[PDB]
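One chain is shown next in structure tokens, namely the form deposited in one PDB entry.
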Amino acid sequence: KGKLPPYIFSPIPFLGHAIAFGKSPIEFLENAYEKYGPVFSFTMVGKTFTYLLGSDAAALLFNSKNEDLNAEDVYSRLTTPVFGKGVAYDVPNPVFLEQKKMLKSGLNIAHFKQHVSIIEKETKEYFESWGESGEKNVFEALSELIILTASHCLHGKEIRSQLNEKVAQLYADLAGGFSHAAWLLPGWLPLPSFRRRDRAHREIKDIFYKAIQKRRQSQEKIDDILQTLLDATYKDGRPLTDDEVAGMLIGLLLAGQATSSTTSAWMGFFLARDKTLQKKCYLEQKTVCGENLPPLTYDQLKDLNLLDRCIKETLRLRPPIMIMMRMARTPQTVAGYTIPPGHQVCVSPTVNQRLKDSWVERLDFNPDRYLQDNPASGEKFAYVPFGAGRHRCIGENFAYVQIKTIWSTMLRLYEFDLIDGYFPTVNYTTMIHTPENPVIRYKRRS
């Protein structure tokens, strides 16, 4: 009822902080935290935004019911142009919850066991074109490759065979629609995400009419994923339209690719920058898999603990998801403040995960930080790259399978280096932080 969180003055009448935030969001929220503490509001584009920084505040959002802090109210703008109607934030949460469970069917030890071989092969195949040595763009490569690995692993061999590396460029433009601008403005501007949704939709639509050409009198007794969707029905019983199916396959692919490819690229540069550490990851491959480095198996992954912490530290310093957003529909209180209905409520993993008074040597890439007590273990919500509560990621496990496998394979192929000391800066083009000038030097390993 009572007290609003501290408000941050802007001299710009309706825009508010839209420009400064859009240009440098992290810097902004860090500065805001030092001056206003962990809970504050500011205006952007005639709207009020309340951020919850650090673990104790962020808990309000993470522990929230969707009825009170609503996701789709914010997210539908961003994702409905990308996935299309009928799926995700374009439907009630009870429906989206049903879809979420369909997609979880593919995600268990059974499938992961097969995934590891697919991924290792796709990777090795892909990086032939790099030959023995050079200087190349590793982010473009992983973007291409992970289209292939993700579609193969999650979507099946059939779908995979109709996709190729040109589809990465569709997906860059899909992900291009996850921008400050798209977040805050009505969709009438130079977003070509719509063209790429037209294409990615068509591409995925051929595939239904392919299984459906057989679906008539050919009932598949080969286990697939598109099959699961076509075969499945909602709680109430109704079957998914060809449109629902299609959207969910676009989303599943983006899910497997967008967050993984930026993360994978960053790890590259962190390891290229710290050579001692890259060495040990290589040695770990041998210690764990044997000096003769045979093909990778799912069961080897759980023991690649250093690489595991390298992924963890990358997601700490460069999470692919910088902020999560909800719309307050009912008043809410945190830290002695009341957030009224209408506030957009936000948390930032990026910020939480380098908080000046939580994370010692906050900006250092040190994966050994997890071998002593640290906020990821000793706080509930200081480390949240995959989120928490009712909205959290179903795909963390697959994600780690893909990135470990790709980077296990890649360390076996090459030794990586920076080019004249240059460590990529952050590119805030989109709300998925990619690295600047992501060209890595590489030569043959061993």
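Only residues modelled in both forms are compared. Between two forms, the rigid core is the largest collection of C-alphas that superpose within 1.5 Å. When you see a residue number, it is the position in the sequence shown, counting from 1.
Here the subject shifts to the form deposited in another entry, a form of this protein not shown in this document.
Rigid core as reference, CA moved 2 Å or more between the shown form and the other one - which of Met248, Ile339, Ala168, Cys310?
If I go through the list carefully, the shifting residue is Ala168.
Is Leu371 displaced by at least 2 Å at its C-alpha between the shown form and the other one when the rigid core is overlaid?
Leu371: C-alpha displaced by less than 2 Å between the shown form and the other one.
Comparing between the shown form and the other one on the rigid core, is the C-alpha shift at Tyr234 2 Å or larger?
No, its C-alpha moves less than 2 Å.
Given a core-based superposition, decide whether the C-alpha of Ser193 shifts by 2 Å or more between the shown form and the other one.
Superposed on the core, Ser193 moves its C-alpha 2 Å or more between the shown form and the other one.
Are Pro186 and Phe42 closer or farther apart at their Cα atoms in the other form than shown, with the shift being 3 Å or more?
More distant in the other form, by 3 Å or more.
Relative to what is shown, are the Cα atoms of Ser151 and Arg195 closer or farther apart in the other form, where the gap shifts by 3 Å or more?
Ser151 and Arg195 sit farther apart in the other form.
Which bits shift between the shown form and the other one if the core is lined up, counting only runs of three or more residues where every C-alpha moves 2 Å or more?
Runs 164 to 225, 389 to 391 stand out as displaced between the shown form and the other one - each at least 3 residues long.
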